[PDB]
Structures are given as C-alpha cells and as structure tokens.
file run_11.cif (mmCIF, C-alpha atoms)
data_start
loop_
_atom_site.label_atom_id
_atom_site.label_comp_id
_atom_site.auth_asym_id
_atom_site.auth_seq_id
_atom_site.Cartn_x
_atom_site.Cartn_y
_atom_site.Cartn_z
CA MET A 1 0.00 0.00 0.00
CA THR A 2 3.00 2.33 -0.78
CA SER A 3 0.88 4.97 -2.66
CA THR A 4 -1.74 4.87 0.17
CA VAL A 5 0.93 5.47 2.87
CA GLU A 6 2.66 8.27 0.87
CA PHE A 7 -0.67 10.01 0.01
CA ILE A 8 -2.08 10.06 3.62
CA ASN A 9 1.35 10.68 5.31
CA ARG A 10 2.22 13.60 2.95
CA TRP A 11 -1.28 15.18 3.50
CA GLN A 12 -0.61 14.67 7.24
CA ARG A 13 2.82 16.40 6.92
CA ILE A 14 1.26 19.34 4.98
CA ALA A 15 -1.51 19.62 7.63
CA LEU A 16 1.04 19.64 10.52
CA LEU A 17 3.39 22.00 8.57
CA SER A 18 0.62 24.54 7.74
CA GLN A 19 -0.63 24.30 11.38
CA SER A 20 2.91 24.99 12.71
CA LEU A 21 3.51 27.79 10.14
CA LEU A 22 0.10 29.29 11.08
CA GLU A 23 1.01 29.41 14.81
CA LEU A 24 4.44 30.90 13.98
CA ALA A 25 2.80 33.55 11.70
CA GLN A 26 0.37 34.41 14.58
CA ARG A 27 3.41 34.69 16.98
CA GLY A 28 5.54 36.68 14.46
CA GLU A 29 8.16 33.90 13.96
CA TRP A 30 8.78 34.47 10.18
CA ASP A 31 12.20 32.73 10.46
CA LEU A 32 10.74 29.19 10.65
CA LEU A 33 8.30 30.19 7.81
CA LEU A 34 11.33 30.96 5.57
CA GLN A 35 13.05 27.68 6.70
CA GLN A 36 10.04 25.28 6.49
CA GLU A 37 8.86 27.11 3.28
CA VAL A 38 10.74 24.69 0.95
CA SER A 39 9.52 21.73 3.13
CA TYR A 40 5.84 22.78 2.85
CA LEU A 41 5.87 23.56 -0.92
CA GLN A 42 7.81 20.27 -1.59
CA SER A 43 5.21 18.22 0.39
CA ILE A 44 2.38 20.03 -1.53
CA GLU A 45 3.83 19.21 -4.98
CA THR A 46 4.84 15.59 -4.16
CA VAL A 47 1.37 14.67 -2.68
CA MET A 48 -0.25 16.25 -5.78
CA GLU A 49 2.03 13.94 -7.90
CA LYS A 50 0.18 11.06 -6.13
CA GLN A 51 -2.92 11.30 -8.38
CA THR A 52 -5.39 8.83 -6.73
CA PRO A 53 -8.11 7.02 -8.90
CA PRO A 54 -11.76 8.45 -9.14
CA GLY A 55 -12.98 5.51 -7.01
CA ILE A 56 -10.87 6.36 -3.90
CA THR A 57 -11.67 4.21 -0.78
CA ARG A 58 -13.61 5.38 2.35
CA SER A 59 -10.96 5.49 5.15
CA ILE A 60 -8.22 7.01 2.90
CA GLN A 61 -10.52 9.78 1.55
CA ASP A 62 -11.88 10.61 5.09
CA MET A 63 -8.40 11.03 6.71
CA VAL A 64 -7.05 12.86 3.61
CA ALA A 65 -10.11 15.20 3.47
CA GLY A 66 -9.54 15.94 7.19
CA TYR A 67 -5.89 16.91 6.45
CA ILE A 68 -7.18 18.94 3.44
CA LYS A 69 -9.55 20.90 5.78
CA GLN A 70 -6.55 21.46 8.13
CA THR A 71 -4.09 22.69 5.48
CA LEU A 72 -6.60 24.83 3.46
CA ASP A 73 -7.87 26.57 6.69
CA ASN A 74 -4.30 27.06 8.06
CA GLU A 75 -3.05 28.30 4.65
CA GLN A 76 -6.20 30.52 4.30
CA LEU A 77 -5.28 32.23 7.59
CA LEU A 78 -1.57 32.26 6.43
CA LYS A 79 -2.60 33.77 3.05
CA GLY A 80 -4.57 36.73 4.51
CA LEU A 81 -2.15 37.27 7.45
CA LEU A 82 1.02 37.32 5.26
CA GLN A 83 -0.79 39.42 2.58
CA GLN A 84 -1.49 42.12 5.26
CA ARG A 85 1.97 41.54 6.83
CA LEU A 86 3.90 42.07 3.53
CA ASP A 87 1.51 45.04 2.96
CA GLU A 88 2.73 46.66 6.23
CA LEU A 89 6.38 45.54 5.61
CA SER A 90 6.51 47.17 2.11
CA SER A 91 4.91 50.29 3.71
CA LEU A 92 7.87 50.24 6.24
CA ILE A 93 10.46 49.70 3.45
CA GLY A 94 9.05 52.57 1.35
CA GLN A 95 5.34 52.64 0.50
CA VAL A 96 2.67 49.96 -0.18
CA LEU A 97 -0.10 50.31 -2.81
CA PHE A 98 -3.72 51.00 -1.66
CA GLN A 99 -4.39 47.54 -3.17
CA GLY A 100 -1.60 45.07 -4.08
CA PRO A 101 -2.30 41.41 -2.94
CA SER A 102 0.23 40.02 -5.50
CA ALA A 103 3.99 39.73 -6.29
CA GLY A 104 4.72 43.47 -6.76
CA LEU A 105 5.52 44.75 -3.22
CA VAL A 106 9.27 45.76 -3.24
CA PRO A 107 10.46 44.99 -6.91
CA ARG A 108 14.23 45.18 -6.09
CA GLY A 109 14.91 44.77 -2.34
CA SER A 110 18.70 44.72 -2.96
CA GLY A 111 19.77 44.06 0.70
CA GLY A 112 18.44 41.52 3.26
CA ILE A 113 14.76 42.40 2.53
CA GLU A 114 15.27 41.12 -1.09
CA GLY A 115 15.20 37.48 0.03
CA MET A 1001 12.29 38.07 2.45
CA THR A 1002 10.00 39.68 -0.18
CA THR A 1003 10.90 37.44 -3.17
CA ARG A 1004 10.47 34.26 -1.00
CA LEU A 1005 7.15 35.30 0.65
CA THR A 1006 5.66 36.58 -2.71
CA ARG A 1007 6.65 33.30 -4.53
CA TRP A 1008 5.29 31.58 -1.39
CA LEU A 1009 1.84 33.37 -1.40
CA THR A 1010 1.39 32.72 -5.19
CA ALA A 1011 2.42 29.03 -4.60
CA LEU A 1012 -0.16 28.91 -1.72
CA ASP A 1013 -2.88 30.31 -4.02
CA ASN A 1014 -1.65 27.80 -6.68
CA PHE A 1015 -2.01 24.84 -4.23
CA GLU A 1016 -5.44 26.08 -3.00
CA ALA A 1017 -6.79 26.51 -6.58
CA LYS A 1018 -5.21 23.44 -8.27
CA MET A 1019 -6.02 21.07 -5.36
CA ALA A 1020 -9.64 22.38 -5.37
CA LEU A 1021 -9.47 21.54 -9.15
CA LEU A 1022 -8.22 17.94 -8.30
CA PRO A 1023 -10.84 15.73 -10.18
CA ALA A 1024 -9.73 12.67 -8.11
CA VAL A 1025 -8.39 13.04 -4.52
#
call {"tool": "encode", "arguments": {"input": "run_11.cif", "output": "structure tokens"}}
result
Amino acid sequence: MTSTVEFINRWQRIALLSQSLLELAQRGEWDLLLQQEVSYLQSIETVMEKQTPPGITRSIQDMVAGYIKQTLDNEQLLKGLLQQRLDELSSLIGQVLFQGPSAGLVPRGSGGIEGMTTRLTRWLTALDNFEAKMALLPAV
C-alpha cells in the first residue's frame, strides 16, 4: 500500500506544517516560515504527484479530506495574514499600494529584505496555486 501510505502521510505532513507555520505567523516567527517554506511547498507538490483514482476508498478519503480541511484553513489564515503583513512591511520599506495582494511589493529589495519579499511573494502565489489546483483535483 505504498501509494496509500505516501498520500495520507504527505497530506498529514502538509496539515502539521501549515498548522505549525500558522502558529508561527500568529506569533511573528517568520524565520521558521522561511526555513520550512521549501519543506511545505515540496510536500504540496509531491502529494499532488500522487494522483489517486476516481474511485478512492472510504478510510483514505476521510483522513485525507480531514488533512485537506486542516491545510486549506491554516493556509487561508496564512494567506490573509502574510498578505497584510507584507503590505505593512513594504509600507515600512518605502510605500505599499492602496491595493496590491500580488507579487509586486518591493520589486528590487537589494539588501536583506530582497530574500524576504521574493520568497514570501513566490510563497503566497504558490499557496494560491495549491489552494486553486487542489480544489481543481478531479480525483483526490
């Protein structure tokens, strides 16, 4: 049951990762967001590579759908929080737009803020990508 184990375990990892990253975002610990970033996005992509058949079984789908509720709620709260956070941060760095919930805040950071902005913008658009594409999953 290798594909079963990988599918449920990876959804479990994404659920626990997004939960952890949510708590950290609520506490202001952006450091572990930047670290576990690559971990979270990797787990997302690799579970989505495990395309399960239309006729998925009861227990698998129930546990998976639970982890899907976890990660989509955690990442929803992450998405809005980090959208408003990068909003404020770009306002601190220079000036934010009245509306700019996309990859446009700080075009050339140059110094240490360069990595922060480019990561978290690629991150938010990869979150929105996961959200959308996994909602578009015809067979999970």
call {"tool": "closest_atom_pairs", "arguments": {"input": "run_11.cif", "of": "region 15-44 of chain A", "to": "region 106-1011 of chain A", "cutoff": "9 Å", "atoms": "all atoms listed in the file", "output": "Markdown table"}}
result
| residue | atom | partner | partner_atom | distance |
| --- | --- | --- | --- | --- |
| A:33 | CA | A:1005 | CA | 8.9 |
| A:34 | CA | A:1004 | CA | 7.4 |
| A:37 | CA | A:1008 | CA | 7.4 |
| A:41 | CA | A:1011 | CA | 7.4 |
call {"tool": "write_last_selection", "arguments": {"input": "run_11.cif", "atoms": "C-alpha atoms", "output": "tab-separated table (two decimals), in the frame of the given file"}}
result
chain	number	residue	atom	x	y	z
A	33	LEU	CA	8.30	30.19	7.81
A	34	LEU	CA	11.33	30.96	5.57
A	37	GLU	CA	8.86	27.11	3.28
A	41	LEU	CA	5.87	23.56	-0.92
call {"tool": "closest_residue", "arguments": {"input": "run_11.cif", "among": "A:1024, A:105, A:44, A:1", "to": "residue 71 (chain A)", "atoms": "all atoms listed in the file"}}
result
A:44
call {"tool": "closest_residue", "arguments": {"input": "run_11.cif", "among": "A:75, A:87, A:45, A:6", "to": "residue 1013 (chain A)", "atoms": "only C-alpha atoms"}}
result
A:75
call {"tool": "atom_distance", "arguments": {"input": "run_11.cif", "atom1": "CA of residue 102 (chain A)", "atom2": "CA of residue 67 (chain A)"}}
result
26.7 Å
call {"tool": "atom_distance", "arguments": {"input": "run_11.cif", "atom1": "CA of residue 48 (chain A)", "atom2": "CA of residue 26 (chain A)"}}
result
27.3 Å
call {"tool": "residues_around", "arguments": {"input": "run_11.cif", "residues": "residue 49 (chain A)", "least_positions_apart": "4", "cutoff": "12 Å", "atoms": "only C-alpha atoms", "output": "ChimeraX atom specification"}}
result
/A:3,6-7,10-11,42-45,1018-1019,1022,1024-1025
call {"tool": "resolve_selection", "arguments": {"input": "run_11.cif", "expression": "the PyMOL selection byres ((chain A and resi 55-61) around 9)", "output": "ChimeraX atom specification"}}
result
/A:4,7-8,52-54,62-66,1024-1025
call {"tool": "atom_distance", "arguments": {"input": "run_11.cif", "atom1": "CA of residue 1021 (chain A)", "atom2": "CA of residue 76 (chain A)"}}
result
16.5 Å
call {"tool": "axis_aligned_box", "arguments": {"input": "run_11.cif", "around": "region 14-29 of chain A", "padding_each_side": "3 Å", "output": "AutoDock Vina command-line options"}}
result
--center_x 3.3 --center_y 28.0 --center_z 11.0 --size_x 15.7 --size_y 23.3 --size_z 18.0
call {"tool": "residues_near_point", "arguments": {"input": "run_11.cif", "point": "(-3.7, 18.6, 9.0)", "cutoff": "8 Å", "atoms": "all atoms listed in the file", "output": "list in words"}}
result
residues 11, 12, 13, 14, 15, 16, 17, 18, 19, 66, 67, 68, 69, 70 and 71 of chain A
call {"tool": "write_last_selection", "arguments": {"input": "run_11.cif", "atoms": "C-alpha atoms", "output": "compact mmCIF listing (two decimals), in the frame of the given file"}}
result
# COMPACT_ATOMS: atom_id res chain seq x y z
CA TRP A 11 -1.28 15.18 3.50
CA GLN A 12 -0.61 14.67 7.24
CA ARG A 13 2.82 16.40 6.92
CA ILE A 14 1.26 19.34 4.98
CA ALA A 15 -1.51 19.62 7.63
CA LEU A 16 1.04 19.64 10.52
CA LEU A 17 3.39 22.00 8.57
CA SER A 18 0.62 24.54 7.74
CA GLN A 19 -0.63 24.30 11.38
CA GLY A 66 -9.54 15.94 7.19
CA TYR A 67 -5.89 16.91 6.45
CA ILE A 68 -7.18 18.94 3.44
CA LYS A 69 -9.55 20.90 5.78
CA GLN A 70 -6.55 21.46 8.13
CA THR A 71 -4.09 22.69 5.48
call {"tool": "closest_residue", "arguments": {"input": "run_11.cif", "among": "A:1012, A:25, A:1020, A:103", "to": "residue 90 (chain A)", "atoms": "all atoms listed in the file"}}
result
A:103
